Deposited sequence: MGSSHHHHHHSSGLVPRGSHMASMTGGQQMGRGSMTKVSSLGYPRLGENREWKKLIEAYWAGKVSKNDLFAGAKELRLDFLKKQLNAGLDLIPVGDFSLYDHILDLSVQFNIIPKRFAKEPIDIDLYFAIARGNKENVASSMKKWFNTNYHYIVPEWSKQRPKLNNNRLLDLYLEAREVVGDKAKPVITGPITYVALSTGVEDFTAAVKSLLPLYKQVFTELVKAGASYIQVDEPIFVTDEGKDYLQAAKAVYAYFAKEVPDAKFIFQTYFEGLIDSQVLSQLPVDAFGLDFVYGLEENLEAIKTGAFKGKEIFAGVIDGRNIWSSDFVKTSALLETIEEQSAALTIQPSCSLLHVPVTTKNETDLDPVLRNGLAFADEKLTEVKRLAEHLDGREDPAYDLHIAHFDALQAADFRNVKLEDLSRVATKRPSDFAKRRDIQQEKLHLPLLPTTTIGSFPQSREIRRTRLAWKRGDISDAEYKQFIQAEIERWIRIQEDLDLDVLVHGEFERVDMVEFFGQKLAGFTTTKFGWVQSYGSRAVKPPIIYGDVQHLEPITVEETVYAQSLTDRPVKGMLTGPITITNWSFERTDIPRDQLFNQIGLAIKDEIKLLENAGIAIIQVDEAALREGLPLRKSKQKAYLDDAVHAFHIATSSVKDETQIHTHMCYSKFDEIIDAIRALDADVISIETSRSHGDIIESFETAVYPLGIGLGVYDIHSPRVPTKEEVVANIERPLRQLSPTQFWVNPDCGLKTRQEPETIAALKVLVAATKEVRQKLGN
């Protein structure tokens, strides 16, 4: 009676066969025939899983060999000018994604506030035309497996245009795509399509508010030209903006996110503005991995049902954003695993919620709730942590007074040189310990640390780092030793192209129990008489890169992690480490979509940082690394962190990134990333980068260092770049 659906499914496959397949093709190890056969096997496999879960409308079209936006580019003839000569085939497809020997790749940007990156369209004089029948082929293919349950999906024109680059005139660009979409949809209906999911997440965002009338024109058009289609104006990631206006779109159904846009959408329907329309209700978390709260969700569905003409139940976004399945996670505690749900498990949940709304009895439903309740009641979610009322949130002495005390203890030269902490890893082959004694691995890493310690000494870098050779992930390396964290055996998620990450799971209260990084850091320091830095990851990054608990508020979690970082920082200081660097490279990525919610997030972020760093002695020097760009946004927050030194990337802007610190008269220490760690710098090239920020703020305030970590670069080029860095700095010193 009540339909269930889904927006999308991962491409990976249970053991990353998709990743191995496309990567093998690029390496010339897999023919075209085996590429497409392999990709077909996967699709059919995925269609069956979704069929067997009981879905009434199974998403078809989101499967891709790299990216769903890129798919539209090639399909709509939006191909970068530099590739305009190539034949339009899969090699050109991958050429745009990865670049060939003559042309660089298209750029990629973040898919909203997710961990996924899409490939950015590059508009030019090119006339939009259909270059294939990609979506029709996929649809007809699916029909043979699932039949009338097949639901074509596609990113809408407005969102596609907004995510693009080079668009001179927005409505003209959008308008030129309409006839293509018309043909696409008309072919699908002819082939038997009914419901067609048309994604417009842009209408959950601030920017979206500029396009309300474009939405009216575009969908009035589709409704006039393809009258037989049942369109699903599909949004996700936040609430529907201007819901009272958009609710008037001439479309059959609306896809609302009741997980990340609960309150806004909830009040959008209580108005009775969707009583004449069908709601596709995003009620299962598509970006996280906890089993649903069935009581909560069922009661929610009842309210939605009475406020709509028809209800269809689905996850809040494409399952693209979660791992495939918990079935093979055999190392997990049963009380935890029975409280987890990845992609496949969510298909089952969505089915069971509908059957319970239709008043069908199923033992699985109450059993699900029982397993849900056990997890909540577990000891690990009831850990007694340090009392926050007995924990400092503000350092005893302010910046100015600390700057003196520290200078008296460190006597670092004007414009000290240093690095963001990490050095190139060669060996990964050694780590496979595979089986090798621990006293061998340690001795191995320690030999490598000494080596680089001498290197930095010769280069005359006055603040050293151990290299982090023992670290493969800046988050999981901590998650491995913090209680309340666990890793998975197979929880992979696509981040961009053939890259995937396997994020930790914060399943319980977070608690520091043992030294995490102290050993390596203390060793390095014993070798030299120059200051060695400790490197840690702040709570923001740790949360954003992990699958976080959803049963406790963001700020509470932040504080828990802050406490652990505090306890680890204590250990470091105890051991004699005098400079400690807290890295936050996810602050941007974790920023809420809506401008109206960013301040509360930043406040949570700043407080937790204070929890982490306010219990150090005045002499101990607190550094924070932030690989961001638009600092003007978070400037107040940054100044709020009260870091002795904050290092940025000024190389890309040639040094003009200081503008925000200039306006805000930043009185704290600033590290200058004067070399892109992604791309050999010239000596005259680096000095200019250094002197730029010297315009307003005083020189006694700056540090010279690379843009970010060096794990990306090769040792040869790394050493050469550092030589130039130190030379450029020394030079600007002589000129006083």
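Numbering the deposited sequence from 1, one finds several regions with no C-alpha coordinates, namely 1-34, 461-462, 468, 471-472, 719-720, 778-779.
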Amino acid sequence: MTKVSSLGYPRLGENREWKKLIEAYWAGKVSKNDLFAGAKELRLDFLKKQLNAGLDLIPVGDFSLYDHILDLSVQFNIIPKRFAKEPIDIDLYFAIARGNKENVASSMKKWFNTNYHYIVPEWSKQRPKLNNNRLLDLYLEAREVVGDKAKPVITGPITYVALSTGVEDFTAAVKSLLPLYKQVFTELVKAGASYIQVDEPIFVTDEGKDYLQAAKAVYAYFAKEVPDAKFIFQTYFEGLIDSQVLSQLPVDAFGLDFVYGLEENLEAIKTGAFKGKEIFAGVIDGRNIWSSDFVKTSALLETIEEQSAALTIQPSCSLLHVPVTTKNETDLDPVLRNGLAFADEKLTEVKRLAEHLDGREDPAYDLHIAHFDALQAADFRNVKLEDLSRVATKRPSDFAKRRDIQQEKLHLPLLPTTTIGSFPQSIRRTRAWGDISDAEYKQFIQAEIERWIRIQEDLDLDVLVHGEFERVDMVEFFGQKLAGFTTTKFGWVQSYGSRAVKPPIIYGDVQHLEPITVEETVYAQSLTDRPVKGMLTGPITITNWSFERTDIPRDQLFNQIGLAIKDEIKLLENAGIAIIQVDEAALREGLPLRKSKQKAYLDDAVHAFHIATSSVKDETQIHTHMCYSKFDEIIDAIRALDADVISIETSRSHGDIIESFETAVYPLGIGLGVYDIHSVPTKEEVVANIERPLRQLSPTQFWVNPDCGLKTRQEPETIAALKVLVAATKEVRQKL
From here on, numbers count along this sequence of modelled residues.
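544-552 and 450-458 differ in mean CA B-factor, and the higher of the two is recorded for 450-458. The mean C-alpha temperature factor is higher for 405-413 when 497-505 and 405-413 are set side by side. For the set 529, 187, 603, 169, the maximum C-alpha B-factor listed in the entry falls on 529.
Of the candidates 92, 343, 585, 300, the PDB record gives 585 the highest C-alpha temperature factor.
Placement of the Cα temperature factor of residue 684 within the chain: highest third of the modelled residues, per the deposited record. Sorting the modelled residues of the chain by their CA temperature factor places residue 707 in the highest third. Residue-level temperature factors show residue 484 in the middle third of its chain, judged at the C-alpha atom. In the PDB entry, residue 675 places in the highest third of its chain by CA B-factor. Sort the chain's modelled residues by C-alpha temperature factor and residue 715 lands in the highest third, per the entry.
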